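Residue numbers (the deposited numbering): 1 to 56.
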């Protein structure tokens, strides 16, 4: 399923979309992205269509 992730920094809005199979793996990829691309703060997941929200 298509996984969506959006990061909201203090001065850098970054958002993208990545397809995966499950959330466990998504969390692996999605988290690795938010942790590498930007910072990893709060984590709000959406059960509407596999969406990940993290800001710091």
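Ideal Cβ placement from N, Cα and C applies to all residues, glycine included.
Check                                                                              : Outcome
Bridge partners - residue 45, DSSP secondary structure assignment                  : 52
Reduced DSSP category for residue 16 - H, G, I as helix; E, B as strand; rest coil : strand
Limits of the unbroken beta strand (DSSP E) element including residue 32           : Looking at the DSSP string, residue 32 is not in any beta strand (DSSP E); the run it does join, the alpha helix (DSSP H), is 23–36.
Where residue 5 falls: helix, strand or coil (DSSP)                                : strand
Residue 16 versus 22, 31, 42 and 25, residue with shortest Cα-Cα distance          : 31
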